[PDB]
Protein chains: 10
Amino acid sequence: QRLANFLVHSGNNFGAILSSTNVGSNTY
Amino acid sequence: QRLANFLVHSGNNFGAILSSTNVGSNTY
Amino acid sequence: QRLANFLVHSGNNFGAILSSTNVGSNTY
Amino acid sequence: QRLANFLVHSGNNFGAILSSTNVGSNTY
Amino acid sequence: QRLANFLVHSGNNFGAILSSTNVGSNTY
Amino acid sequence: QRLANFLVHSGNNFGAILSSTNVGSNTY
Amino acid sequence: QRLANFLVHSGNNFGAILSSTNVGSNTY
Amino acid sequence: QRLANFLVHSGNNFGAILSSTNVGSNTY
Amino acid sequence: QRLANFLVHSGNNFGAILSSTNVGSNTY
Amino acid sequence: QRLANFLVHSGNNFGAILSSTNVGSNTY
């Protein structure tokens, strides 16, 4: 039913790649 | 039913690539 | 039924590419 | 039903790759 | 039902790869 | 400069009240 | 400069009140 | 500079109150 | 500079109150 | 610079109060 192909070429990674990132950084 | 092909070429990554990022950064 | 081909060439990435980003940044 | 192929080529990784990262960083 | 193939090539890893990382870093 | 008064009366709460909620729910 | 008064009356709470909630729920 | 007063009255709490909650729940 | 007053009245607590909770619950 | 007053009244606590909780619960 569902098919997916992923091909990634990264030289230098400082962020997110195929990732899920959560940052609160709230202030009260 | 659903087919998807992904091909990404990144040299330097400082952000998000194929990612899901959440940032609150709320203030009360 | 649904077919999709993605080909991306990025040199330097500081933002979002094929991503979903959410930022609150609310103020109360 | 669901099929997925992942192929990643990373030279230097300082962030997240195929990962799930959570950071509170809240302030009260 | 569910099939997944993972192939990762990392040279130097300073972050997370196929990982789940949690960091509080809260302040009261 | 900025002044704000909040007064909320809730009987039963199943959603968000004075909150900031983020839901990805993306599909690739 | 900034002043804020919060007064909340909740009977039964099943959601978020004065909170910041993040849910990935992504699918690859 | 910044002043904030919080007063909360909860009878039964099943969710989040003045909290920051992060849930991955990702699928690969 | 920053001042904050918190007053919470809870009868029965099954969730989070003035807390920071992180749950991976990822699937590969 | 930073001042914070916390006053909490709990009858029965089954969750987190002024706490930081981390739960992996990942699956591979």
Cα-based Rg then Dmax for the protein assembly as shown, in Å, read 20.9, 61
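Given a Förster distance of 35 Å, report the FRET efficiency between J:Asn22 and C:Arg2 from their Cβ-Cβ distance, rounded to the nearest 0.05. Present the calculation step by step, with values, prior to reporting the outcome.
Details: r = 38 Å, r/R0 = 1.09.
About 0.35, to the nearest 0.05.
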Chain A to chain J by rotation: the residue of A with the beta carbon nearest the axis and the rounded distance in Å are A:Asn22, 2
Answer in debye to the nearest 20: the dipole magnitude of the protein assembly as shown about its Cα centre, from +1 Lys/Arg and -1 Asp/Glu charges placed on Cβ, is 240
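Values in this text are rule-based calculations from the coordinates and carry no lab data. Using ideal geometry, Cβ is built from the backbone for each residue, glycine included, and neighbour counts are taken over all protein chains shown.
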